[PDB]
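Have a look at the structure below before the remarks.
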Amino acid sequence: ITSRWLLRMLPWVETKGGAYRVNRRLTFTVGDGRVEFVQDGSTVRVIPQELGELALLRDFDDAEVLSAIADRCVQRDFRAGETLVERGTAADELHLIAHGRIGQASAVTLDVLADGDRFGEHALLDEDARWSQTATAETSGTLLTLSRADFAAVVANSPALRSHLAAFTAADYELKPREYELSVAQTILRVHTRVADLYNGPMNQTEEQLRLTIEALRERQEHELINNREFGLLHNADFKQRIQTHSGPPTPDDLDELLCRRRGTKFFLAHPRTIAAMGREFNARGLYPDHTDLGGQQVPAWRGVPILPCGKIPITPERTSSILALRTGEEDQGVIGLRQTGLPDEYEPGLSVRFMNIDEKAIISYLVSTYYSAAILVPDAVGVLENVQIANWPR
Amino acid sequence: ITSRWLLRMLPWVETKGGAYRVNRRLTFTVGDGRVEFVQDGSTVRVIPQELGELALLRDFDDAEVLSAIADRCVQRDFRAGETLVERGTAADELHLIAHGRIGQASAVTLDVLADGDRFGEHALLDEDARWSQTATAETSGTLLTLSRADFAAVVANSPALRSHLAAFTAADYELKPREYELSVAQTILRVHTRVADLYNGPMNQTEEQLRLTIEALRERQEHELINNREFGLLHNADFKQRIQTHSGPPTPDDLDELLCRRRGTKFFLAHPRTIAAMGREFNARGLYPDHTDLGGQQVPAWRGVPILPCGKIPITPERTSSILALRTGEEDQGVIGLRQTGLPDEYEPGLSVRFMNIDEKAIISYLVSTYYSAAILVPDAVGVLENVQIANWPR
Amino acid sequence: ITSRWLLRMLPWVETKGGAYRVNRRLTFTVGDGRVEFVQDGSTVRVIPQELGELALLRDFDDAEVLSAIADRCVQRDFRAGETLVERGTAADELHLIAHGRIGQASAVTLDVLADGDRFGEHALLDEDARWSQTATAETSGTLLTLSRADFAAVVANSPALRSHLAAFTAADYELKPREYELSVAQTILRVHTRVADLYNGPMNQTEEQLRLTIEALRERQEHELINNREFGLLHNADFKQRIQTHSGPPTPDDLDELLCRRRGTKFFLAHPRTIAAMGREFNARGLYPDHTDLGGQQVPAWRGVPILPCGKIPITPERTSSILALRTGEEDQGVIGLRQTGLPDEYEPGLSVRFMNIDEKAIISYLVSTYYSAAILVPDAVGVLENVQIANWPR
Ligand SMILES: [Ca+2]
Ligand SMILES: [Ca+2]
Ligand SMILES: [Ca+2]
């Protein structure tokens, strides 16, 4: 029953056959010390050529071997405050950082690794490798893992890798399309025959129950568009577009930085608590931002970019939320809503309600279905500001 | 396949939402020795104020206490010839007679209690009470029971009742609406796909089976209108309107008395055996009653009031039936038939047949439903003559 | 004669029969440590199932027993600074906090209980319970009380509760409609016959007195809409919607928080002294808010939400007031004004003036009547900021 800003602001394009295709250009360079990954929503995998940045794998340019090694890595997720390695334990895994920040404490906290960083190089070759530092994850993220045994098996499979390893011991264009499949929000409405036969004259309680079902389906659509893992702006956003706050509260400098990373930002999405925190920061700084009108409706804005509240954005137990800055459009490469209309029996242009059967207990069943998904045409269309402290008050 | 006189004679009114409301006035007096009850079909309950007729409860006019005591009584039914109490057994229950006649035989048959009579007064207060007479039920009826333990608990709950009991030891208008909910006659018609695909050209065996189903539903409607317990003229009739025959056969004096109790009686309903017995009585008395025309159809009548046969009126094993005298109308306060038309898919104005599903065995299922009920606007609209001996012949 | 902003801003809906019905959904969870209540204006009562949160009543799910226990609690109001319990006095009452904050000082001020908190658990079972802490009420509020004797009586009534107590010693959907009855503002206008016979040519002093009467009735309507106990936005507002100021003066952070709790807030209502205090806070912070136009009339606003003055909001002797943030509408679930037009003799669409009689002293009497009430469709439509210090100046 709440406002669904993402549903009414995202343009909707008609897919054919319940599928969409997005052509991706992935520019990457070899030798800059940072590994680039391919992200399909929440699942990520290392580019086989990028893997050649490895010191023990430099100058190896055999597509088969690199592809096999890339396929043999395992994706892992780490939470905030979780310890990945401890001093003294033998090192046997190569860790490539895809997202998040990991503070490494030596025997003296050395530094903090970030996206594209590596630790566990020497563990691949020799068995004497031992973790001499402890890695504590300050922020949640993903991580690719290459085991020593798997690497030894891959070496024993390909003679060329063996020979190169024995010898060593002594902008690239990659197009790979991304396919989006329409997800479904489905439900079954059970209406008793008595409720359909009698309560139908001045108002249809069947029709009112159907309206409630449709509202619940739309709320689920918004919740999935925000929080789903396969598609969904929070997770299906480029790892480079996710920023961390400079101080923790959503200061206006953070909003300026969020507007810096992309051209023609359309709007901000944040929790109402986050909007209250931003207002508190504005009052502390002493500046009063203007309000702009969209669709004949006035709304708070920053630098003329409207800030829209969304209650479906999760709030962590540590009272930290995230802010989304995103541009929408098809002619301008942005974020589009994939949806198929023209269903066989539409109560609503995007909906389909169909009679299923009548049970022995005289209960009619209806199937209410809608098909939806989200696509991000270019990587720089959704930016996420993370770990925004929303429980800060002036003191 | 038989004639359904009640279905075609009762006027039908359209209920909204499958419910009807009847406003009841219940005039009662305190101190006349007879307790008045509230009857909702076959379930009856004593008026809390009427309960103050009790000698040990006179002058108590606390609504809470009387209401609690009234709620704590239990309804019981007794059959003809059943013994309720026996001499020697300790008395522990207060019995309020709601219907029927009970002959009380002392240590010498004292008399016969009837509707509104009480026995078991002294049993409420003291534990020494002992049944010194035997009560044999000559006629079936209902009876309210108040246990000694329950009364002691109610006394121990309310201090005011205690104080009044300790002290004693040394026309009223009550409006209470009655709500009628539409009952349903439902059935499932299973038609094989072969019978629907082939046998459909010159006549539809599916349509003939549906017609048979509709006829069975109408017969069930009549049987419920006569014999059902919640609604139904035999049971949902005022206890004052039920009369007993003077001699046992349906003599014309009994018909005159049945016509006496209400104004503008519309018709009589009786079993064909009962009509034969009435004809035998008429022949014995030597008078030949006239016949009147309703709907262009001639029918036997008494005093110009048509007598209609109904085979759904039960015949007891002792060969005793009952006769119903009833007036129908809405402008004239009488008996109406509650029925809702305008169903979503009507083969007939009151019917609804809907396709359910087709089974794996290629059997189509149809749901045939009709909604009906009966309402009696005023108490003096249905009178019942009971224990009519129908197996009497001249000798 | 003052401006009545609430009268002219609240939309008015036509009730039928002088009554309105609001369908309430009350989502509650068992085991989260907070008890949920049902509020009908100023009278509140604990949910029987919520009462099962009690440690000694956990896992008891008998509707009769819980309903009885809930009915047997007593509602109490406490003022600011009032001491409820003192150390040393034996504990005999269970206190469930419905509103307000209560600071508990042990033998060391432990903490401050708030809405949904409980103290007095152990007092229910044993008679040795003694208050060992003193509870001082910092803010006015309500409180449910369950006495030990009443609980013992309820235990002695139901055997199931006994058995469960002996054994222990060793999201839920609840729909309950709320009914609103139209209140009446009535008065008698006494006009002398001389004033009606002579002073009627160039102007009617009778008509001017009637106009003054109508103005007084409208002022009383506004005062009741704000301050009445049964209906009225100050009291008939959800206990969760009432907030406390962070510092005491109405700082802009408090206004941001007040706008945070609900979507599409329509306007603020505050005393003119409160508006002066808010302006002082704005000047201290150095920001100058914009002004918006409603009905062709310019008005001060915060974040585009107009701030309207209302002199009917009480000012406490401690110079503390309250602010109301509220959205109005029927299509958008908000606050509506229940009012019935089409009266038998209307001088004004909502009014009814009728001649009563002429006294022996030649004084004509007129009855001026209007019917009004207020309804809040959803709980999150009126928010109240309380204890706003309005006598603070820069120093
Ligand atoms: Ca690289
Ligand atoms: Ca009586
Ligand atoms: Ca709870």
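Letters A, B, ... go to the chains of the structure tokens in the order shown; residues in each chain start at 1; ligands are counted from 1 in the same order.
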
Report as a ChimeraX atom specification all protein, DNA and RNA residues lying within 6 Å of residue 352 in chain B, evaluated on only C-alpha atoms, omitting residues in the same chain fewer than 5 positions from it.
/B:345-346,368-369

Include N, CA, C and O atoms and write out the residues we just selected as a compact mmCIF listing (two decimals), in the first residue's frame.
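The new file selection09.txt reads:
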# COMPACT_ATOMS: atom_id res chain seq x y z
N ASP B 345 -23.59 -17.52 -12.95
CA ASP B 345 -23.86 -18.34 -14.13
C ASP B 345 -25.11 -19.17 -13.86
O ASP B 345 -25.03 -20.26 -13.29
N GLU B 346 -26.25 -18.65 -14.29
CA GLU B 346 -27.55 -19.23 -13.96
C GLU B 346 -28.09 -20.00 -15.15
O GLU B 346 -28.31 -19.42 -16.22
N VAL B 368 -23.57 -27.88 -9.18
CA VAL B 368 -24.93 -27.34 -9.23
C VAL B 368 -25.30 -26.88 -7.83
O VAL B 368 -25.31 -27.69 -6.89
N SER B 369 -25.59 -25.59 -7.68
CA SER B 369 -25.82 -24.98 -6.38
C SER B 369 -27.08 -24.14 -6.41
O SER B 369 -27.40 -23.51 -7.43

Taking 5 positions as the minimum chain separation for residues in the same chain, which residues sit within 6 Å of residue 41 in chain C when counting only C-alpha atoms? Answer as a PDB file with C-alpha atoms, in the first residue's frame.
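Wrote it out as result_0.pdb, contents follow:
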ATOM      1  CA  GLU C 230     -12.927  10.082  22.179  1.00  0.00           C
ATOM      2  CA  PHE C 231     -12.058  11.507  18.768  1.00  0.00           C
ATOM      3  CA  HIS C 235      -5.462  11.764  21.721  1.00  0.00           C
ATOM      4  CA  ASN C 236      -6.802   9.481  18.958  1.00  0.00           C
TER       5      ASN C 236
END

From the set A:22, A:68, A:54, A:343, which residue has the shortest atom-to-atom contact distance to ligand 1, counting only C-alpha atoms and all ligand atoms?
A:54

So which residues are near ligand 2, meaning at most 7 Å away with only C-alpha atoms and all ligand atoms counted, given back as a PyMOL selection string?
chain B and resi 28-36+50+53

As a ChimeraX atom specification, please: all residues of range 148-280 of chain A that backbone DSSP puts in helix (DSSP H, G or I).
/A:148-157,159-169,193-197,205-227,252-260,272-280

Need the shell around residue 289 in chain A: protein/DNA/RNA residues with any atom at most 9 Å away, counting only C-alpha atoms. Skip same-chain ones fewer than 6 positions apart. Format as a VMD selection string?
(chain A and resid 282 300 to 304) or (chain C and resid 303)

Store the residues picked out above, limited to N, CA, C and O atoms, as a tab-separated table (two decimals), in the first residue's frame.
chain	number	residue	atom	x	y	z
A	282	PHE	N	22.28	18.09	6.32
A	282	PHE	CA	22.06	19.38	5.67
A	282	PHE	C	21.84	20.48	6.70
A	282	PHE	O	22.38	21.58	6.57
A	300	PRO	N	11.81	16.46	-2.40
A	300	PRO	CA	13.15	16.92	-2.04
A	300	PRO	C	14.20	16.46	-3.03
A	300	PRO	O	14.11	15.37	-3.60
A	301	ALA	N	15.21	17.31	-3.25
A	301	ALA	CA	16.23	17.01	-4.23
A	301	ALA	C	17.57	17.56	-3.77
A	301	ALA	O	17.64	18.45	-2.91
A	302	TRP	N	18.64	17.02	-4.35
A	302	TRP	CA	20.00	17.49	-4.14
A	302	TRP	C	20.60	17.82	-5.50
A	302	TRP	O	20.66	16.95	-6.37
A	303	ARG	N	21.04	19.06	-5.67
A	303	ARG	CA	21.57	19.55	-6.95
A	303	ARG	C	20.56	19.35	-8.08
A	303	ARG	O	20.94	19.11	-9.23
A	304	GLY	N	19.27	19.46	-7.77
A	304	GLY	CA	18.24	19.29	-8.76
A	304	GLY	C	17.89	17.85	-9.07
A	304	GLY	O	16.99	17.61	-9.89
C	303	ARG	N	10.52	21.89	4.15
C	303	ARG	CA	10.66	20.88	3.10
C	303	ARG	C	9.45	20.87	2.17
C	303	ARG	O	9.05	19.82	1.66

Could you please select, counting only C-alpha atoms, the residues of chain B within 12 Å of chain C and state them as number ranges by chain?
B: 150, 153-154, 156-158

Can those selected residues be exported to a file as an mmCIF file, in the first residue's frame so that it contains C-alpha atoms?
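File written: out_27.cif
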data_model
loop_
_atom_site.group_PDB
_atom_site.id
_atom_site.type_symbol
_atom_site.label_atom_id
_atom_site.label_comp_id
_atom_site.auth_asym_id
_atom_site.auth_seq_id
_atom_site.Cartn_x
_atom_site.Cartn_y
_atom_site.Cartn_z
ATOM 1 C CA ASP B 150 -23.323 -24.476 38.284
ATOM 2 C CA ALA B 153 -20.506 -21.428 41.173
ATOM 3 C CA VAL B 154 -22.545 -18.485 39.874
ATOM 4 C CA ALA B 156 -19.851 -17.749 44.505
ATOM 5 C CA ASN B 157 -18.959 -15.453 41.601
ATOM 6 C CA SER B 158 -21.371 -12.572 42.325
#

Check range 280-388 of chain A with DSSP on the backbone and list each residue it calls strand (DSSP E), as an MDAnalysis selection string.
chainID A and resid 291:294 297:302 305:309 320:326 335:339 351:358 363:376 382:388

One number please: CA of residue 272 in chain A to CA of residue 40 in chain C, in Å, one decimal.
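Spanning CA of residue 272 in chain A to CA of residue 40 in chain C is a straight-line distance of 28.3 Å.
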
Which polymer residues have any atom within 8 Å of an atom of range 211-215 of chain B, counting only C-alpha atoms, with same-chain residues fewer than 6 positions away left out, as a compact mmCIF listing (two decimals) with C-alpha atoms, in the first residue's frame?
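File written: result31.txt
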# COMPACT_ATOMS: atom_id res chain seq x y z
CA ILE B 1 -40.94 -35.87 -9.35
CA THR B 187 -24.23 -31.34 -5.75
CA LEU B 189 -22.63 -33.91 -11.56
CA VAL B 368 -24.93 -27.34 -9.23

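With only C-alpha atoms taken into account, the protein and nucleic acid residues at most 7 Å from residue 338 in chain A (excluding it and anything under 5 positions from it in its own chain) are residues 12, 13, 14, 15, 372, 373, 374 and 375 of chain A.
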
Which residues are near residue 323 in chain B? Cut-off 7 Å, only C-alpha atoms, ignore same chain within fewer than 6 positions. Put them as a VMD selection string.
chain B and resid 268 to 270 384 to 386

Just want the 6 Å neighbourhood of residue 383 in chain C, counted on only C-alpha atoms, with same-chain residues fewer than 2 positions away dropped. Output as a PyMOL selection string.
chain C and resi 241-242+324-325

Using only N, CA and C atoms, please write the residues we just selected to a file, as a PDB file, in the first residue's frame.
ATOM      1  N   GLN C 241       3.117   6.622  16.859  1.00  0.00           N
ATOM      2  CA  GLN C 241       3.302   7.856  16.111  1.00  0.00           C
ATOM      3  C   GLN C 241       3.692   9.041  16.983  1.00  0.00           C
ATOM      4  N   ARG C 242       3.600   8.927  18.305  1.00  0.00           N
ATOM      5  CA  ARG C 242       3.944  10.027  19.198  1.00  0.00           C
ATOM      6  C   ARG C 242       5.428   9.966  19.536  1.00  0.00           C
ATOM      7  N   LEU C 324       1.814  18.584  15.289  1.00  0.00           N
ATOM      8  CA  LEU C 324       1.099  17.517  14.604  1.00  0.00           C
ATOM      9  C   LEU C 324       1.501  17.498  13.138  1.00  0.00           C
ATOM     10  N   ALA C 325       1.925  16.343  12.642  1.00  0.00           N
ATOM     11  CA  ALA C 325       2.176  16.160  11.215  1.00  0.00           C
ATOM     12  C   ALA C 325       1.143  15.186  10.675  1.00  0.00           C
TER      13      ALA C 325
END

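In this structure, CA of residue 115 in chain C sits 17.8 Å away from CA of residue 85 in chain C.
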
Selected residue of minimal separation from ligand 1 among A:315, A:171, A:363, A:299, counting only C-alpha atoms and all ligand atoms
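Under the stated criterion, the closest residue is A:171.
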
Between CA of residue 161 in chain B and CA of residue 92 in chain C, measure the distance and give it in Å to one decimal.
27.8 Å
